[PDB]
Protein chains: 2
Amino acid sequence: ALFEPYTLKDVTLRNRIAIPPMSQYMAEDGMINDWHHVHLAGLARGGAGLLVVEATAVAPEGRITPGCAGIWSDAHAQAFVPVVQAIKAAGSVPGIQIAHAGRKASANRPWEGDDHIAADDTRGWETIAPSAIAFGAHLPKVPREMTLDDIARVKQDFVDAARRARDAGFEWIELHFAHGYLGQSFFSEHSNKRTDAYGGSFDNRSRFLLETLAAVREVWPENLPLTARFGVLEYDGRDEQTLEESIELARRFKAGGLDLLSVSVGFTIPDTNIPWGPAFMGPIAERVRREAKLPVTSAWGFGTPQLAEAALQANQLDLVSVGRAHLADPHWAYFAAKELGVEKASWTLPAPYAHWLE
Amino acid sequence: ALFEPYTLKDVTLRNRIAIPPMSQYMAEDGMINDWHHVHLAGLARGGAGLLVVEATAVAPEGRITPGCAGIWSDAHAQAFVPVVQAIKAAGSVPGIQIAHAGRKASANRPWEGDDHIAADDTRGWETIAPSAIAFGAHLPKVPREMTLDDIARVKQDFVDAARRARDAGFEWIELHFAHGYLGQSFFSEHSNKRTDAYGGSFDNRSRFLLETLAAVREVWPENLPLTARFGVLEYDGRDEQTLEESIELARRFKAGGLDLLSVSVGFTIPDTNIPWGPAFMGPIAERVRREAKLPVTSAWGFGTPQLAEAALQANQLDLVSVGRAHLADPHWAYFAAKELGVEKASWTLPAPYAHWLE
Ligand SMILES: Cc1cc2nc3c(=O)[nH]c(=O)nc-3n(C[C@H](O)[C@H](O)[C@H](O)COP(=O)(O)O)c2cc1C
Ligand SMILES: Cc1cc2nc3c(=O)[nH]c(=O)nc-3n(C[C@H](O)[C@H](O)[C@H](O)COP(=O)(O)O)c2cc1C
């Protein structure tokens with residue numbers, strides 16, 4: 001099942017393996033470089049059906065860190081062009097996740113402190129959010145409360161991002177409404193205390209996300225999968241209530257043209273109890289898939305080929321996302337093909353490798 | 001031991017893992033391209049101390065196949081420049097093996113027939129050799145017997161190759177006197193029936209190889225390791241006699257400035273009985289190292305980390321060459337570091353990987 005093709009709109013994946021977006025923190029002023037080119041091209045040659053490029057910021061202040069990729073100008077977009085072309089040459093589908101880190105922005109690289117940049121550090125910048133409330137813990141900076149014009153500008157930033165991604169050749173797009181960044185923070189009552197049209201009720205908290213989806217839909221081709229990542233629960237003790245609302249929004253996403261939902265956890269606040277474990281997201285992903293009638297993917301511990309296979313056969317997922325295993329071994333898909341007994345498994349890789357490994 | 005550094009002349013390897021030259025058959029008219037760039041850059045990031053670029057032909061007719069890399073012009077050399085730079089950025093030592101396929105030239109890619117190109121095929125070309133004798137089997141073409149001027153031209157080709165490799169930034173060079181190609185074929189009485197100064201006696205059969213070494217030594221920097229690959233036996237039933245002569249030449253190589261010998265089998269003729277097995281070359285490599293008092297490396301089945309480690313501790317080898325395992329997993333060195341219990345093994349890889357795998 002893991003090695004069956006998958007067709008969504010006009011795009012066909014050679015198998016059900018997806019490489020989720022994985023920030024590399026190697027960009028400079030949003031510009032990617034040979035780090036990203038070799039990293040992504042190598043992964044694509046590895047065998048995976050779909051390769052989703054890391055969170056790429058729609059605006060400079062939307063970066064998580066000073067090393068995050070960006071696409072907030074045509075020059076930033078043009079940098080992706082050769083990389084998209086190499087992904088394609090390798091037979092993998094190029095996707096990109098476009099993002100805005102909201103209140104979690106302006107942080108150090110994970111191996112350089114992983115915390116909010118000091119106030120006197122010339123690399124830092126003011127963060128924006130639905131409300132002037134800090135995440136807390138290692139991210140103590142209070143964001144600036146967004147104005148209506150801020151909301152209009154960020155929405156237009158996402159549209160400009162999607163248009164650039166389209167013109168750079170990406171065949172799959174993913175809106176980053178998860179992991180406690182801007183979009184997610186608009187939906188959660190934890191982070192959104194607004195009293196205008198973008199806060200309060202379910203409809204108001206959904207507005208930013210729905211409006212961003214719709215605006216992007218106007219520039220993104222109808223024949224290329226339009227997707228989003230969304231934290232459907234927080235493990236904050238409000239799980240049944242949050243899940244119900246998240247699934248309702250899923251339905252609205254579907255109605256608004258979303259082709260697939262990447263299902264995750266919110267990470268909106270630090271005060272939570274997440275039951276980490278191999279494929280722990282499976283049951284939750286399955287429920288979203290069932291109740292909103294929407295294809296889904298998820299991640300976390302599916303680097304065990306049998307687990308990925310089990311999730312597919314149980315129809316908990318339509319694609320299995322495999323992250324860290326690909327950082328460890330860019331040729332993981334070949335390893336999975338061996339594990340699962342695929343005929344001529346070495347031909348998961350290109351000929352200059354496959355010939356000698358068969 | 002596998003993860004101890006190694007210093008040879010002015011060059012220091014971060015560990016004892018070497019990636020042997022592995023032809024990719026993806027070049028066009030000798031020119032390398034993004035296949036090679038991503039392949040080599042990815043391998044370098046994998047952790048290995050030394051990365052030796054595939055057999056690179058000193059002359060067009062010296063290619064094995066129409067897909068082999070070449071360095072017979074300054075434009076060919078300039079193509080290597082960015083790739084050398086990425087290898088270095090990754091902290092691996094860039095080396096290159098320069099070569100001439102002799103009578104085994106003009107062949108199909110291994111996955112496209114692996115045999116001599118048909119006579120009416122516009123891709124093929126006349127092969128040259130010490131004598132007009134075909135390899136046989138799947139390589140039936142009779143080569144043209146080289147003239148003295150042919151020998152002068154090929155020697156100068158190797159010199160021009162070494163100079164280009166130097167100027168492109170390579171820090172390690174390897175002359176390909178193994179595997180039944182030109183150099184090897186000059187040494188073996190099987191392939192060399194000449195009656196001039198380049199055939200007959202031990203001194204005459206050694207002349208081409210020694211003269212090529214000396215000529216290259218004039219352009220190659222004295223502070224960068226100068227090495228060769230040499231088939232020391234054939235398993236043709238003349239093993240003790242061939243090994244003695246090969247070891248004598250090893251001594252002469254050492255006396256002539258060779259810093260390390262990559263020890264292999266001859267593959268000069270097809271009528272042989274090679275005792276393939278995990279690390280089967282170990283004992284033979286050890287003897288060459290001992291009797292010629294020369295550092296050595298070898299390959300074949302050392303993809304088992306414990307085997308590589310054993311060979312080093314037994315002092316059978318100074319570097320362990322690991323080939324196919326790196327085609328399977330470009331991050332093999334990280335896998336070995338885990339297997340062997342290295343402290344902070346994930347930091348065998350660059351930070352954007354290591355941070356998440358620790
Ligand atoms: C290096 C790294 C960077 C990541 N960056 C992002 C990101 O840019 N966008 C995102 O939505 N998730 C990101 N993630 C989460 C992964 O997409 C994935 O959900 C997570 O690694 C769990 O899957 P795994 O167990 O296979 O690693 C990142 C994960 C890692 C390890
Ligand atoms: C894909 C491939 C291409 C190779 N090309 C060369 C070559 O260009 N020059 C050379 O001397 N040996 C070449 N070899 C031999 C390898 O350098 C090495 O000796 C062999 O793979 C045995 O080591 P291993 O068991 O780790 O794979 C090649 C091997 C492979 C698999």
Side-chain angles (χ1 to χ4, degrees), chain A residues 18-25 52-57 64 68-69 97 99 101 110 174-179 181 184 228-231 262-265 267 276 278-281 297-304 307-308 320-328 332 351-357, chain B residues 18-25 52-57 64 68-69 97 99 101 110 174-179 181 184 228-231 262-265 267 276 278-281 297-304 307-308 320-328 332 351-357:
Chain A
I19 300 165
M22 282 180 293
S23 291
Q24 299 298 106
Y25 311 92
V52 182
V53 167
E54 68 198 271
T56 299
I64 307 177
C68 297
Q97 177 193 63
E174 184 184 285
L175 305 187
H176 198 350
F177 295 158
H179 305 165
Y181 303 124
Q184 181 88 56
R229 200 167 204 181
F230 182 43
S262 176
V263 178
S264 204
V265 174
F267 311 100
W276 307 103
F280 87 96
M281 287 295 299
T297 185
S298 189
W300 187 276
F302 288 102
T304 298
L307 246 183
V320 177
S321 293
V322 182
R324 277 169 295 192
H326 281 286
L327 303 178
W332 185 88
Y353 297 161
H355 181 77
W356 311 93
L357 298 177
Chain B
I19 300 165
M22 282 180 293
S23 291
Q24 299 298 106
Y25 311 92
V52 182
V53 167
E54 68 198 271
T56 299
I64 307 177
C68 297
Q97 177 193 63
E174 184 184 285
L175 305 187
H176 198 350
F177 295 158
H179 305 165
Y181 303 124
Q184 181 88 56
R229 200 167 204 181
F230 182 43
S262 176
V263 178
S264 204
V265 174
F267 311 100
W276 307 103
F280 87 96
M281 287 295 299
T297 185
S298 189
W300 187 276
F302 288 102
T304 298
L307 246 183
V320 177
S321 293
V322 182
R324 277 169 295 192
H326 281 286
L327 303 178
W332 185 88
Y353 297 161
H355 181 77
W356 311 93
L357 298 177

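All chains are named by letter (A, B, ...) in the order of the sequence lines, taking the proteins before the strands, and each is independently numbered beginning at 1. Both backbone and side-chain heavy atoms feed into the values below; hydrogens, waters and symmetry mates do not. Counting starts at 1 for both ligands and their atoms, following the listed order.
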Applying side-chain hydrogen bond (donor to acceptor under 3.5 Å, both in side chains) to B:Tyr353 and not counting sequence neighbours gives A:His39
Check whether B:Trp356 reaches the backbone of A:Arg324 with its side chain - one donor and one acceptor, N or O, closer than 3.5 Å. no
The side chain to side chain contact (heavy atoms under 4.5 Å, CB included) partners of A:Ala101 (sequence neighbours excluded) come to A:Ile64, A:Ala105, A:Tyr181
By side chain to side chain contact (heavy atoms under 4.5 Å, CB included), B:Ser262 pairs with (sequence neighbours left out) B:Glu174, B:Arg229, B:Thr297
Side chain to side chain contact (heavy atoms under 4.5 Å, CB included) with A:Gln97: of A:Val52, A:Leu175, A:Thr56, only one passes, and it is A:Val52
Chain-and-number sorted residues having a heavy-atom contact under 4.0 Å with ligand 1 are A:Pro20, A:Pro21, A:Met22, A:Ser23, A:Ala55, A:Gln97, A:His176, A:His179, A:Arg229, A:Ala299, A:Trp300, A:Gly301, A:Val322, A:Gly323, A:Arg324, A:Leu327, B:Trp356
Tightest non-hydrogen contact, residues B:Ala279 and B:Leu307, listed as CB-CD2, 3.4 Å
